[PDB]
Amino acid sequence: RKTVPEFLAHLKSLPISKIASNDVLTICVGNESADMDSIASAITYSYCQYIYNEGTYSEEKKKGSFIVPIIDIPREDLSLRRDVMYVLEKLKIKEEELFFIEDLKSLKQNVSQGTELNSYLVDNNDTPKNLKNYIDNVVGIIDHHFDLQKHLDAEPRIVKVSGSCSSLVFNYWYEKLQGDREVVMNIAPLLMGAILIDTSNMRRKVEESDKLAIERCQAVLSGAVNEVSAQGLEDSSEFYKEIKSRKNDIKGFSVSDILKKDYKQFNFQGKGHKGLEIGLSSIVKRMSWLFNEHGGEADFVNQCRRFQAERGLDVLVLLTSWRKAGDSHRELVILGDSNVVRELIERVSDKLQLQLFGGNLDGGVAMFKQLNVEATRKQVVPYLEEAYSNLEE
Ligand SMILES: [Mn+2]
């Protein structure tokens, strides 16, 4: 019975032909932002599949093959997620045991050209754009984002409301593993990392899936007890503070690091035959902090324009958020051609309750207080998409 690092090291020790089966190599990948949820969900799916197939739950059912968990970023970018590093350290998962974009490319390169590369998707429901030329078929989906209604024949195909995708992944596998306590012990830090960050320690965005996953972890982590003490929840709170603090820590990172470490890119289809290439970076510190840490407004904006150019974007959006004295604050900063950016912002300003504090839409760089403090990137993207659909051409 291998632990999670032992399972990962075992995959690393195998020839690709023993990972693949009948000319199919199967992976599981999260989304291009590679946050805690994407990383935890991918590793969990893959590890649970391994345990399931090796065990007696799968008897008189038949056993597939290994699933390689993928983290969809360059290996070097892992360190930008200090919260994730901390949680991986708790499980003794070494970075050299994990599989990143480089590894997936080496896989695709080192396997025969006739071998199909099929993917489970977790924390997304269509293939990340950067992997479209690597992945042949989507075979299963577990996600909690807007349902794009693709891959309707996926097995499983779970796209449902959840604070954390990881809750859905875990509950799915927990049933199949008949509550296997060892598995739960072996993944709990990674699972709870994702659930607690995504739900702000089970205080925001909580759904029945998250409540169930937590209940299941508590039962195991407690073991045999005559009464339930406060200690488990106290430990959960200390762990939350550690991960939240580290997610909130971007000191010492470059502007490019900050922009790329929680980033999603889209192409919006509009009335024009050419779409809008748009990237959105979600950031944990306010603009004045960012400026002060990065040589000032001018220097900071210069580095943003560089990142925009490098990623081939028509529009770059920065979404900041933070909490102070118990209250949420948000800002939205947009960079792009004055025409498109003015029209987009003018169409979403009411819903997002945007108040200009710097720049000018006509210059193509503008900075807004966002008084709709409930709206995250998950909401902002469709608002912008709708706005873009209304633009003439
Ligand atoms: Mn998620």
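When a ligand or atom number is given, it counts from 1 through the structure's own listing order. The chain is numbered in sequence order, starting from 1. Note that these values count all heavy atoms, side chains included, but never hydrogens, waters or copies made by symmetry.
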Query raised in the report: Between CG of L276 and CG of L384, what distance do you get to the nearest 0.5 Å?
Result: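 Going from CG on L276 over to CG on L384, the span is 9.0 Å.
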Query raised in the report: How long is the gap from CD1 on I141 to CG on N125, to the nearest 0.5 Å?
Result: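 It is 5.5 Å, given to the nearest 0.5 Å.
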Query raised in the report: How many N, O or S atoms of the protein are nearer than 2.8 Å to the Mn ion (ligand 1)?
Result: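 Count of protein N, O, S atoms less than 2.8 Å from the Mn ion (ligand 1): 3.
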Query raised in the report: Going by the angle between their ring planes, with limits at 30° and 60°, are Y172 and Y45 parallel, tilted or perpendicular?
Result: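 Aromatic pair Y172/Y45 classed parallel.
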Report task. Please state whether the rings of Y47 and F7 are parallel, tilted or perpendicular, taking 30° and 60° as the class boundaries. Result ->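 Perpendicular.
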Query - Partners passing side chain to side chain donor-acceptor pair (under 3.5 Å) against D198 (at least two apart in sequence or in another chain) - result: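 Scan of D198 (side chain to side chain donor-acceptor pair (under 3.5 Å), adjacent residues dropped) gives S164.
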Requested in this report: Using distance alone, with no hydrogens and no angle criterion, decide if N31 and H145 have a side-chain donor and acceptor under 3.5 Å apart.
Outcome: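 Judged by distance alone, the side chains do not pair up.
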